[PDB]
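Peer 1: Pasting a structure below so you can have a look.
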Amino acid sequence: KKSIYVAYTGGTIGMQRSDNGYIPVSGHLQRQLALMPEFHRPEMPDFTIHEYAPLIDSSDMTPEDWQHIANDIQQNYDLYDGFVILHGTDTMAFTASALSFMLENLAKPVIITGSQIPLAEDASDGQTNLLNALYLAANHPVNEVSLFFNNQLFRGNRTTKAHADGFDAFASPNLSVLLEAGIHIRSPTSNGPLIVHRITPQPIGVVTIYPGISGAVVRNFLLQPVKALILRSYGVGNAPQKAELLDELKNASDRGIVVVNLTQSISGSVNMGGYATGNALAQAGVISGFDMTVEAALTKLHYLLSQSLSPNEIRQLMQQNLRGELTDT
Amino acid sequence: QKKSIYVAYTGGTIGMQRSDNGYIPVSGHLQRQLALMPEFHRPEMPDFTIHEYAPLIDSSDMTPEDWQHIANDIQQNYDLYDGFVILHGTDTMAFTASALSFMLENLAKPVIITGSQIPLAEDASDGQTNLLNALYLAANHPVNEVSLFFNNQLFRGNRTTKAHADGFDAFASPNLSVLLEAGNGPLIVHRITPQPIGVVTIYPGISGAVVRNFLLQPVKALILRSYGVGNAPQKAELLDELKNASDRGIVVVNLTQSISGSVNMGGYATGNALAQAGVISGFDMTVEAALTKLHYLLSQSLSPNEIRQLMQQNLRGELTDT
């Protein structure tokens, strides 16, 4: 019989509906699951719940909380066959992305999921989300950080919260789902032992270009203590041919700031290869973020900046597919 | 006698020639080609006039000054035609459509912005179908709004964003159904000038220090892209910087990072800590609508409080009441 470790970090799935909003009730998740017979069928794995105290609203997640979850998996790695993380939906995609970088050579499934509604309610997907995450963490041989939502298993570092709320809140815009669990439509390295990278908060600006955007506004984004800037640009990665903008980006890159080009588009790739582009951004030292989500690029920069790497070492690794987060152009 | 449509060729690939050195401008190429394409001259097609801008604008180089040039061009032609088709590069098409929706008050004729990523001539090119369809719809199914037409879909302009980084299905209107699946008072033209706006995305552990720099001079407004239905970390380090900015007259607008759905933070009726820090809801606006709407409002003689009020009112169909 497989055994799964479940961290209840937070989220509405285990809470109680009240007039004053959803409220945490200690042990409520575990008491309810003991009485839901679907969770105890012969084909289901055994599972153990570690309920965080206090639970975290995912909007209050920090990189220290990423590290706490990674450490929890590392502590428990040899004791279980797989891992389920229960988490609020607001920043679930950030946590999934961060954990994919942090857990190198992962060779057991880690599946993050949750629900915006207490799981006893008919409108809640929490029962089906946790049932499937438990079953797949036990039986499905994808040894990656995945996110389960609306009967779909997505690669964690390709996920974004695509709808503000609702049962279909997550998408993987630049990668096919790993698995459909309900209705059907017609892989990174694990060679060598688990390595759990340390991550700390990093001063990163995430900004959007728009017509007429000033050098003065961009200069402010690149003031200390910024170490890296994610620029959200047009189409396949285009920005205005404006010396006052390009000069500020070049000054930043020349003093070791890592400046990364992502598209404002929901889907598709930046096409700005460093040796093979006329993009004036590339001449100002900006690197391509290919088809990364904001979540992947922001967590990948945390991962790389938290180690002992030079600016040039970070720029190279930002452009390399490390954990399945980006597609070669 | 037929409807008459003014076509401004402002820029984009549609009228250009493919070359080893990428697309090059050829003055008069679009107009010459259309004269020889019989589909443009059938009974249901309007009469049209092409005006080719010189130089053409690469839409990635668009400024608010170029928004104004296009608005002024529509104003000067407004009484001479039944409707207006603007040909434009795809990179910033949604920003121009959004800006023109605010600038052209009491618009009572169709304005359709469109374009193509392939020259008109090229086999199975959307140049021919996008321009042909836009001319057909402006004449035969007029919607008296700034609309964006692409890939057999007529979208409300100030509800559009670039969906795919490239390709035939470049545009979407995530928070409003298409105006068409195609398978009071006189015109006032408002002035817009460039405005110092910061457009930022929050993330876990974002610091007070980084947020403080987003709000330094000359910033007059900040679009904050936040989580889900408009949530941000509860930490005083962030909310204090936003409250200090609002207290000195900076307009801070809450948009969702989600491509679809709404911020849920009505001004008088929200437990949001953000609202206590002076942050206002941008409802379900696109980034394009919020950024162009701020340009529009900051370019007039309105106080910060007047801008905050008008930012939360549906002025041109850009946002939905919660």
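Just so we're on the same page: first chain in the structure tokens is A, next is B, and so on; residues restart at 1 for each chain, and ligands are numbered from 1 in the order they show up.
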Give me, as a Markdown table, the closest atom pair and its distance (Å, one decimal) for every residue of chain B within a cut-off of 8 Å of chain A, counting only C-alpha atoms, rows sorted by chain and rising number.
Peer 2:
```
| residue | atom | partner | partner_atom | distance |
| --- | --- | --- | --- | --- |
| B:60 | CA | A:240 | CA | 5.3 |
| B:61 | CA | A:240 | CA | 4.3 |
| B:62 | CA | A:211 | CA | 5.5 |
| B:63 | CA | A:212 | CA | 4.5 |
| B:64 | CA | A:212 | CA | 6.2 |
| B:90 | CA | A:235 | CA | 7.8 |
| B:91 | CA | A:234 | CA | 5.3 |
| B:92 | CA | A:234 | CA | 7.0 |
| B:95 | CA | A:211 | CA | 7.8 |
| B:161 | CA | A:265 | CA | 7.8 |
| B:162 | CA | A:265 | CA | 5.5 |
| B:163 | CA | A:265 | CA | 5.2 |
| B:164 | CA | A:267 | CA | 4.8 |
| B:165 | CA | A:235 | CA | 4.2 |
| B:166 | CA | A:235 | CA | 6.1 |
| B:194 | CA | A:212 | CA | 6.0 |
| B:196 | CA | A:217 | CA | 6.7 |
| B:197 | CA | A:217 | CA | 7.5 |
| B:198 | CA | A:217 | CA | 6.9 |
| B:199 | CA | A:208 | CA | 5.4 |
| B:200 | CA | A:207 | CA | 4.7 |
| B:201 | CA | A:206 | CA | 5.4 |
| B:202 | CA | A:206 | CA | 7.6 |
| B:203 | CA | A:298 | CA | 7.9 |
| B:204 | CA | A:62 | CA | 4.7 |
| B:205 | CA | A:62 | CA | 4.4 |
| B:206 | CA | A:203 | CA | 7.3 |
| B:207 | CA | A:203 | CA | 7.1 |
| B:209 | CA | A:225 | CA | 7.4 |
| B:210 | CA | A:203 | CA | 6.5 |
| B:213 | CA | A:220 | CA | 5.7 |
| B:214 | CA | A:221 | CA | 6.0 |
| B:216 | CA | A:220 | CA | 6.9 |
| B:217 | CA | A:217 | CA | 8.0 |
| B:218 | CA | A:217 | CA | 7.0 |
| B:219 | CA | A:217 | CA | 6.8 |
| B:227 | CA | A:90 | CA | 5.3 |
| B:228 | CA | A:164 | CA | 4.1 |
| B:229 | CA | A:164 | CA | 5.1 |
| B:231 | CA | A:59 | CA | 6.3 |
| B:232 | CA | A:59 | CA | 5.5 |
| B:233 | CA | A:60 | CA | 4.4 |
| B:234 | CA | A:60 | CA | 6.4 |
| B:235 | CA | A:60 | CA | 7.8 |
| B:256 | CA | A:164 | CA | 6.9 |
| B:257 | CA | A:161 | CA | 7.7 |
| B:258 | CA | A:162 | CA | 4.6 |
| B:259 | CA | A:162 | CA | 5.3 |
| B:260 | CA | A:163 | CA | 4.7 |
| B:261 | CA | A:164 | CA | 4.9 |
| B:262 | CA | A:164 | CA | 6.3 |
| B:263 | CA | A:164 | CA | 7.5 |
| B:291 | CA | A:210 | CA | 7.9 |
```
Peer 1: With C-alpha atoms retained, could you export that selection as a tab-separated table (two decimals), in the first residue's frame?
Peer 2:
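Result file again.tsv:
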```tsv
chain	number	residue	atom	x	y	z
B	60	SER	CA	6.18	48.63	-31.12
B	61	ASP	CA	7.38	52.31	-31.53
B	62	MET	CA	3.83	53.82	-31.04
B	63	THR	CA	3.67	56.78	-28.57
B	64	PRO	CA	0.66	58.70	-27.28
B	90	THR	CA	-0.27	43.97	-34.13
B	91	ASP	CA	2.27	44.57	-31.27
B	92	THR	CA	0.33	47.56	-29.77
B	95	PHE	CA	-3.34	49.88	-26.80
B	161	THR	CA	-5.31	42.15	-25.49
B	162	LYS	CA	-2.71	40.28	-27.60
B	163	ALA	CA	-3.51	36.59	-26.79
B	164	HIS	CA	-0.74	34.85	-28.77
B	165	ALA	CA	2.75	36.36	-29.23
B	166	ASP	CA	2.22	35.87	-33.00
B	194	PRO	CA	2.41	60.81	-22.34
B	196	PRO	CA	4.35	58.79	-16.09
B	197	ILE	CA	2.67	55.53	-15.06
B	198	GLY	CA	4.24	52.50	-13.42
B	199	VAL	CA	2.72	49.06	-14.32
B	200	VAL	CA	3.98	46.44	-11.85
B	201	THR	CA	3.35	42.85	-10.85
B	202	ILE	CA	3.39	41.75	-7.19
B	203	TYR	CA	4.94	38.45	-6.13
B	204	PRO	CA	5.61	36.55	-2.87
B	205	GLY	CA	7.99	38.45	-0.60
B	206	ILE	CA	7.95	41.62	-2.76
B	207	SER	CA	9.71	44.29	-0.55
B	209	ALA	CA	12.01	49.06	-0.80
B	210	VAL	CA	11.25	47.77	-4.35
B	213	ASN	CA	10.98	52.90	-6.06
B	214	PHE	CA	7.98	52.30	-8.29
B	216	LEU	CA	9.25	57.93	-7.00
B	217	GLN	CA	8.95	61.05	-9.17
B	218	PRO	CA	7.77	61.44	-11.81
B	219	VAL	CA	5.16	58.65	-11.27
B	227	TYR	CA	-3.52	37.90	-7.16
B	228	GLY	CA	-6.91	36.31	-7.93
B	229	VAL	CA	-9.79	38.72	-7.14
B	231	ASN	CA	-5.45	40.20	-3.10
B	232	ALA	CA	-1.99	41.32	-1.91
B	233	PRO	CA	0.14	40.38	1.13
B	234	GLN	CA	-1.24	41.86	4.42
B	235	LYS	CA	2.27	43.13	5.51
B	256	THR	CA	-5.83	41.08	-11.44
B	257	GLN	CA	-2.84	39.12	-12.81
B	258	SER	CA	-5.49	36.63	-14.11
B	259	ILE	CA	-6.23	36.99	-17.88
B	260	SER	CA	-9.95	36.54	-17.08
B	261	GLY	CA	-12.19	37.73	-14.24
B	262	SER	CA	-12.50	40.77	-12.01
B	263	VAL	CA	-10.95	42.45	-9.02
B	291	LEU	CA	-3.07	52.29	-18.92
```
Peer 1: Would you mind listing what lies within 10 Å of residue 273 of chain A as a ChimeraX atom specification, with only C-alpha atoms counted and same-chain residues fewer than 4 positions away left out?
Peer 2: /A:277-279,282,287-290,319,328-329
Peer 1: Would you put the residues from that selection into a file with N, CA and C atoms, as a PDB file, in the first residue's frame?
Peer 2:
```
ATOM      1  N   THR A 277      19.718  37.857 -33.091  1.00  0.00           N
ATOM      2  CA  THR A 277      18.531  38.763 -33.021  1.00  0.00           C
ATOM      3  C   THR A 277      18.949  40.191 -33.401  1.00  0.00           C
ATOM      4  N   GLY A 278      18.119  40.955 -34.159  1.00  0.00           N
ATOM      5  CA  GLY A 278      18.372  42.382 -34.334  1.00  0.00           C
ATOM      6  C   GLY A 278      17.740  43.143 -33.162  1.00  0.00           C
ATOM      7  N   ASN A 279      17.068  42.472 -32.216  1.00  0.00           N
ATOM      8  CA  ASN A 279      16.356  43.186 -31.125  1.00  0.00           C
ATOM      9  C   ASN A 279      17.344  44.181 -30.463  1.00  0.00           C
ATOM     10  N   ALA A 282      18.471  43.119 -26.969  1.00  0.00           N
ATOM     11  CA  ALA A 282      19.613  42.210 -26.828  1.00  0.00           C
ATOM     12  C   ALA A 282      20.902  43.044 -26.811  1.00  0.00           C
ATOM     13  N   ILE A 287      18.199  39.645 -21.811  1.00  0.00           N
ATOM     14  CA  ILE A 287      18.144  38.230 -22.247  1.00  0.00           C
ATOM     15  C   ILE A 287      16.691  37.795 -22.480  1.00  0.00           C
ATOM     16  N   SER A 288      16.494  36.785 -23.301  1.00  0.00           N
ATOM     17  CA  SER A 288      15.190  36.175 -23.594  1.00  0.00           C
ATOM     18  C   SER A 288      14.702  35.359 -22.390  1.00  0.00           C
ATOM     19  N   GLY A 289      13.413  35.498 -22.060  1.00  0.00           N
ATOM     20  CA  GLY A 289      12.762  34.534 -21.166  1.00  0.00           C
ATOM     21  C   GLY A 289      11.915  33.540 -21.933  1.00  0.00           C
ATOM     22  N   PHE A 290      12.106  33.445 -23.234  1.00  0.00           N
ATOM     23  CA  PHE A 290      11.403  32.433 -24.084  1.00  0.00           C
ATOM     24  C   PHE A 290       9.897  32.510 -23.786  1.00  0.00           C
ATOM     25  N   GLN A 319      18.390  31.329 -19.424  1.00  0.00           N
ATOM     26  CA  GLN A 319      18.058  31.005 -20.820  1.00  0.00           C
ATOM     27  C   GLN A 319      18.076  29.494 -21.024  1.00  0.00           C
ATOM     28  N   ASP A 328      12.835  25.599 -26.062  1.00  0.00           N
ATOM     29  CA  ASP A 328      13.704  26.129 -27.147  1.00  0.00           C
ATOM     30  C   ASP A 328      12.906  26.720 -28.328  1.00  0.00           C
ATOM     31  N   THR A 329      13.368  27.865 -28.828  1.00  0.00           N
ATOM     32  CA  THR A 329      12.782  28.470 -30.050  1.00  0.00           C
ATOM     33  C   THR A 329      13.473  27.826 -31.257  1.00  0.00           C
TER      34      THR A 329
END
```
Peer 1: Give me, as a PyMOL selection string, all polymer residues having an atom no more than 9 Å from segment 120-137 of chain B, counting only C-alpha atoms and skipping those fewer than 5 positions away in the same chain.
Peer 2: chain B and resi 5+7+13-16+30+33-34+39-40+44-48+83-85+87+110+112-115+142-143+148-152+154+168+182
Peer 1: Residues near residue 248 of chain B, anyone? I mean within 12 Å using only C-alpha atoms, not counting same-chain ones fewer than 2 positions away, as a ChimeraX atom specification.
Peer 2: /B:215-217,219-221,241-246,250-252,277-278,303-305
Peer 1: I'd like to know which residues of segment 242-271 of chain B are strand (DSSP E or B) (by DSSP, run on the backbone); could you write them as a list in words?
Peer 2: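 So, restricting segment 242-271 of chain B to strand (DSSP E or B), we get residues 251, 252, 253, 254, 255, 256 and 260 of chain B.
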Peer 1: With distances taken over only C-alpha atoms, which of B:293, B:109, B:88, B:141 is nearest to residue 74 of chain B?
Peer 2: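 Looking at the shortest contact to residue 74 of chain B, the residue is B:109.
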Peer 1: Among segment 50-296 of chain A, which ones does DSSP place in alpha helix (DSSP H), written as a PyMOL selection string?
Peer 2: chain A and resi 63-76+92-102+126-139+215-221+243-254+280-283+294-296
Peer 1: Counting only C-alpha atoms, what is within 12 Å of residue 140 of chain A, bar same-chain residues fewer than 6 positions away, as a PyMOL selection string?
Peer 2: chain A and resi 2+81-82+107-111+132-134+146+153+178-181
Peer 1: Please produce a file of those selected residues containing N, CA and C atoms, as an mmCIF file, in the first residue's frame.
Peer 2:
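Full text of again-v3.cif as output:
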```cif
data_model
loop_
_atom_site.group_PDB
_atom_site.id
_atom_site.type_symbol
_atom_site.label_atom_id
_atom_site.label_comp_id
_atom_site.auth_asym_id
_atom_site.auth_seq_id
_atom_site.Cartn_x
_atom_site.Cartn_y
_atom_site.Cartn_z
ATOM 1 N N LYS A 2 0.721 2.151 -0.970
ATOM 2 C CA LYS A 2 1.536 3.383 -1.019
ATOM 3 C C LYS A 2 1.134 4.286 0.137
ATOM 4 N N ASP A 81 6.048 7.732 -0.447
ATOM 5 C CA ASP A 81 6.135 7.417 -1.886
ATOM 6 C C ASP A 81 5.860 8.678 -2.739
ATOM 7 N N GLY A 82 5.327 9.716 -2.138
ATOM 8 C CA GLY A 82 4.938 10.955 -2.800
ATOM 9 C C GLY A 82 4.332 11.929 -1.844
ATOM 10 N N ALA A 107 12.639 12.589 -7.537
ATOM 11 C CA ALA A 107 12.359 11.265 -8.121
ATOM 12 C C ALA A 107 11.122 10.686 -7.453
ATOM 13 N N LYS A 108 10.256 11.536 -6.912
ATOM 14 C CA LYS A 108 8.915 11.129 -6.416
ATOM 15 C C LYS A 108 7.980 12.274 -6.798
ATOM 16 N N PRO A 109 6.690 12.008 -6.972
ATOM 17 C CA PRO A 109 5.755 13.091 -7.325
ATOM 18 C C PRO A 109 5.518 14.066 -6.155
ATOM 19 N N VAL A 110 5.425 15.361 -6.494
ATOM 20 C CA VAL A 110 4.992 16.402 -5.579
ATOM 21 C C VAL A 110 3.822 17.098 -6.275
ATOM 22 N N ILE A 111 2.605 17.035 -5.721
ATOM 23 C CA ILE A 111 1.407 17.554 -6.425
ATOM 24 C C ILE A 111 0.786 18.597 -5.516
ATOM 25 N N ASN A 132 -7.713 12.868 -6.383
ATOM 26 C CA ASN A 132 -6.861 12.658 -7.555
ATOM 27 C C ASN A 132 -5.411 12.956 -7.194
ATOM 28 N N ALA A 133 -5.123 14.036 -6.469
ATOM 29 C CA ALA A 133 -3.724 14.319 -6.149
ATOM 30 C C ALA A 133 -3.137 13.136 -5.350
ATOM 31 N N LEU A 134 -3.886 12.616 -4.366
ATOM 32 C CA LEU A 134 -3.393 11.443 -3.564
ATOM 33 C C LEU A 134 -3.143 10.239 -4.465
ATOM 34 N N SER A 146 3.962 19.149 -9.825
ATOM 35 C CA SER A 146 2.765 19.296 -10.675
ATOM 36 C C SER A 146 1.697 20.044 -9.874
ATOM 37 N N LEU A 153 -3.785 17.766 -14.579
ATOM 38 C CA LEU A 153 -2.474 17.794 -13.958
ATOM 39 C C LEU A 153 -1.585 18.638 -14.875
ATOM 40 N N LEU A 178 -0.093 17.571 -18.426
ATOM 41 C CA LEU A 178 0.568 16.271 -18.226
ATOM 42 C C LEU A 178 -0.522 15.184 -18.255
ATOM 43 N N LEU A 179 -1.746 15.434 -17.788
ATOM 44 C CA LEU A 179 -2.713 14.317 -17.640
ATOM 45 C C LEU A 179 -4.082 14.912 -17.525
ATOM 46 N N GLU A 180 -5.106 14.304 -18.123
ATOM 47 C CA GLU A 180 -6.516 14.627 -17.885
ATOM 48 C C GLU A 180 -7.067 13.504 -16.981
ATOM 49 N N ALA A 181 -7.837 13.822 -15.955
ATOM 50 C CA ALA A 181 -8.281 12.858 -14.930
ATOM 51 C C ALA A 181 -9.762 12.543 -15.104
#
```
Peer 1: Within 8 Å of residue 104 of chain A, counting only C-alpha atoms, which residues show up once you throw out same-chain ones fewer than 3 positions away? Write them as a VMD selection string, please.
Peer 2: chain A and resid 100 to 101 190 194 to 197
Peer 1: Measuring atom to atom with only C-alpha atoms, identify which of B:118, B:54, B:289, B:138 is nearest to residue 81 of chain B.
Peer 2: B:138
